C-alpha cells in the first residue's frame, strides 16, 4: 500500500499525424516521428519489461495527433478513475478508448461531462496524501471541483499556472513526501503557494531545469524506490541531482522529440495499483 506502488500502466502509441499535427505551445524544430517512436518504445519498455508492470498499450488514432499523452485523459486514485474533459476540444475523443480500457481493469469510472468544466490530467499533482490541481489554459476552477468531489477522500487545493503549460510541466513526485521542483521563479512561486495550503510539509528535490522536474516515481516489489528521470544528454545538471538519490533505482529516460510538443515523462502513461 506504499506511495508509488503500481501494477498496471496505460500507454498509447503515437500516431504518424503527431509529427505535423500535435498541438505545441511554441514553434520549434522538426519532429523525427521515427525517433519519437523509438523514445516511446523505450519508455514503455522500462515500465513493462524492466519494472514488471502490466502494460495496457492502446492503438494510435491518426485523427487524434496527441493521443499518446494519456495522462491528460484520466486521473486514477485508489480504485477510482476520473475520466477528464481536456482543455483542448480536439483531444476529447481520446477519452473514449481510455474509458473502455479502464473498464476492463474493473476501475470505478467517473466521467467529467460538465460542458463547462475542463481538466487536463497533467495539471493534477497527487502527493499520496492530497491533491494539487493547476489552474491553466487546460484546466478550470469547475474542473478542479469535479475532481475534488470524485475523490472526496482527499483534500484538493488549487494553484495558478502560467504561460501555455501544465502544473506538472515543472514538478512531480520524486518519492514519498518528496516533490521534484524546478528552480525557475514560476516554479518556486507555485510550490510555495502549494506549501501554505497543506497540513503537511513536503521535502523538495530542486533541479536546475523545470522540465526535468517531471519524472516518474514508482515503488515496485523487491526493488523499492524507482525513478525514471530525464537523461544527462538532455539535462545534465538535473540528472546530477537525481544521481544523489542513492536508495533510488535511477533510470534515465529520453523524451526529446515529444518534448517538442510539450510531452514530458508523466504525460505518457496512467499508473494503476491493482491490489
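Residue numbers count along the first chain shown, from 1.
Asks: Out of 86-94 and 157-165, which one has CA B-factors that are higher on average in the deposited record?
Replies: 157-165 has the higher mean C-alpha B-factor.
Asks: Which wins on mean Cα temperature factor, 117-125 or 136-144?
Replies: The stretch with the larger mean CA B-factor is 136-144.
Asks: When the CA B-factors of 238, 214, 222, 39 are compared as recorded in the entry, which is the largest?
Replies: Answer, based on the entry's C-alpha B-factors: 222.
Asks: Could you look up the Cα B-factor of residue 20 in the entry and say which third of the chain it sits in: lowest, middle or highest?
Replies: Its C-alpha B-factor, which the entry lists for residue 20, ranks in the highest third among residues of this chain.
Asks: Taking the C-alpha B-factors as the PDB entry records them, is residue 230 in the lowest, middle or highest third of its chain?
Replies: Answer is lowest: the recorded C-alpha B-factor places it there.
Asks: Among the modelled residues of its chain, does the C-alpha B-factor of residue 249 lie in the lowest, middle or highest third?
Replies: Answer is highest: the recorded C-alpha B-factor places it there.
Asks: When the modelled residues of the chain are sorted by Cα temperature factor, does residue 1 land in the lowest, middle or highest third?
Replies: According to the entry, residue 1 has a C-alpha B-factor in the chain's highest third.
Asks: Thinking about Cα B factors across the chain, which third does residue 47 belong to?
Replies: Tercile = lowest for this residue's CA B-factor.
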